[PDB]
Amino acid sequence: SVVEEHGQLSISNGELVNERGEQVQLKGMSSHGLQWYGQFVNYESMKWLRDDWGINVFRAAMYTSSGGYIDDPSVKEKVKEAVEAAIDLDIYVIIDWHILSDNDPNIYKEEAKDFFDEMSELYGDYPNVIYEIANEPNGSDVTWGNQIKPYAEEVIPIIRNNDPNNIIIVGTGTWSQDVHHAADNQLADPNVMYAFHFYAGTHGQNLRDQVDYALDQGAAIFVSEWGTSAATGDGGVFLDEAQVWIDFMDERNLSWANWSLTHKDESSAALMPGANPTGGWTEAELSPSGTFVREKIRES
């Protein structure tokens, strides 16, 4: 199994490596918001993804706003369920503090510190855990140097007091697209990665060149959210551009999590409406996006 084989992950010269120092690449799925589609996040559905799709990482998208954790903290228990299922299935798991409408990570920074203190105290002695402290910082007034980096410099110390070196993914500006700025002003923690998010509906040649720039500065990049659709999560399925990005990520050995595991009627959703929330999906229960993503992970 994956975690038994690769064990402790770390960053070495800007690259994600296992405990023997070998490069590793994680490929999996992200849940949709846990406050809306939490029924698809359970041991059985995760086991089906592992066994039938070949996933080696699962991302628990805990929205903070929009009816998420700040409005009802009960969703933190669903994150715990996902983490424990990943531990039982021997796969990696990303704990995502999913900011979005609350566009500056500093808005709920005290709550984030308390949440990450609890999560790292509970699960800090497992190698499966990857922390994602701010999904998608966004807005012209939310910059890397003034807002995002200082936020990370307050939250990372909290995690590091309990868990010295599991991987931490830090969001970047402009909905986690501005890896150039983060790469030119990196954080001191040696086991940090910078998030890069893309949607296949957007022509991506310059964005690929921007990721290459960041990689050239020695910044480790995790594609913690990407979709086959347009940036809204809907608007069509763009498989030609998605395949270009898949090939690019393999060439650069970039780890990734696809958005998202839900039956919602939007192009990026991986499942069709009567898909069983506990897995075992037939061909007809997978959407065009989900069919493609499953093929990409099985091929790997």
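The first residue of the shown sequence is 1; numbering continues from there. Whichever C-alpha set is largest while still superposing within 1.5 Å between the two forms counts as the rigid core.
Greater average departure of CA atoms from the shown form, over structures and residues in 9 other deposited structures of this protein after a core fit, characterises 225-233 among 190-198 and 225-233. Across the two stretches, 175-183 and 192-200, the PDB entry reports the greater mean Cα temperature factor for 175-183.
Across the two stretches, 139-147 and 203-211, the PDB entry reports the greater mean Cα temperature factor for 139-147. Taking only the listed residues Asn253, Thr64, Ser260, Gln243, the entry reports the highest CA temperature factor at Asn253.
Compared with the other modelled residues of the chain, the Cα B-factor recorded for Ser267 ranks in the middle third. Ranked by C-alpha B-factor against the other modelled residues of its chain, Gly38 falls in the middle third. Compared with the other modelled residues of the chain, the Cα B-factor recorded for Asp125 ranks in the middle third. Among all modelled residues in this chain, the alpha-carbon of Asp216 has a temperature factor (C-alpha) in the highest third. Split the chain's modelled residues into thirds by C-alpha temperature factor. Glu81 is in the lowest one.
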